[PDB]
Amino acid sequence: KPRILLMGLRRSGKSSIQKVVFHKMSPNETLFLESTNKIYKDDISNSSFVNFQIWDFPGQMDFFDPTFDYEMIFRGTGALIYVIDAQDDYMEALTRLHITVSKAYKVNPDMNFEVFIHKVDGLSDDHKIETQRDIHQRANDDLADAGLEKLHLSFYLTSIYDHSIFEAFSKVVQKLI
């Protein structure tokens, strides 16, 4: 069944997203989530829903940890959602995005890359658009510099406090089935 990864720096909102979208958590409650220290493999198995697996990662996985066979993980992955906290400085997020998608694409160029520009409830509508544009351009420029123009990133403006996170996650799922 399709496997979707949730990756991104600590505090970007990965666990909140899976809890709100798939486990009926109120967004307000997500403030009390513990920081994630083990990969959590969430089987969306209910007989009425599309069936797929979501892997909620600890933020900022260490690609040098020999416990983690990232190549094997990526070869079995249909989509990688990279979550960026739009309310915070995102230069490190952009660096880690690049490292992550370049490693994934090299082993599975059929993977879909989905960038959630997240926590946008804290931004004005115009600033959401400017933030997406800056992220889009910087991320694509980094890809171009590395000879990875053919690696396509899709961008989404998301918040757990409205419909947008559900719409975004649904678009990601629908591409895989």
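The first residue of the sequence shown is number 1, and the count goes up from there.
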Mean Cα B-factor comparison, 95-103 or 80-88, giving the higher one as deposited: 95-103
On mean Cα temperature factor in this entry, is 63-71 or 130-138 the higher one? 63-71
Determine which member of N112, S35, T30, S124 has the highest CA B-factor, using the values in the deposited entry. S124
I4 - Cα temperature factor, lowest/middle/highest third of chain: middle
Third of the chain, ranked by Cα B-factor, where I117 sits: lowest
